[PDB]
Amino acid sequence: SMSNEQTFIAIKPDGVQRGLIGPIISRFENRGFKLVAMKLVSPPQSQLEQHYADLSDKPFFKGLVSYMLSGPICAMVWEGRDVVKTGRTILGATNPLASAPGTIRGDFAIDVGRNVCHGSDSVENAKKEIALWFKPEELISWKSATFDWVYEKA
């Protein structure tokens, strides 16, 4: 669609602990996407259980929440055309065992419960997660100097 689509990208505590904050950001930076919001946070359990509210009945829900609480999280919002779908492709398959080398999980991850990062799965869930993690004023409005070279259209 348009060049101002947004998604929610989070670096899970294992990605922070293993020193992958820089490399993960570079994947989206080099691809041509724009970072409009970022912050390192340790959110409370209530916020994490709301982010994973659709999985509260899954058997792995309790362990996932405790692991998302075990360390700091680098929450981000990236902007660009098809940033939701292409962003998930940059992260690789949700299960690292099925991820392709060259993707983030294909280069860095093994277990699905330690798959380093999170990405919104749809445009609707991206807006939901952006409002859950960020105040509207935490999204900075700016235009990349190389916009006309990344994009042929708005």
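Residue indices: 1-based, along the sequence shown. Each form is matched to the other, and the largest set of C-alpha atoms that superpose within 1.5 Å is called the rigid core.
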item	value
Between 54 to 62 and 40 to 48, the one whose CA atoms sit farther away in 7 other deposited structures of this protein (rigid core aligned)	54 to 62
Mean Cα B-factor comparison, 125 to 133 or 54 to 62, giving the higher one as deposited	54 to 62
Higher-B stretch (mean Cα B-factor, as the entry records it), 141 to 149 or 13 to 21	141 to 149
Residue 98 by Cα B-factor - lowest, middle or highest third of the modelled chain	highest
Third of the chain, ranked by Cα B-factor, where residue 111 sits	middle
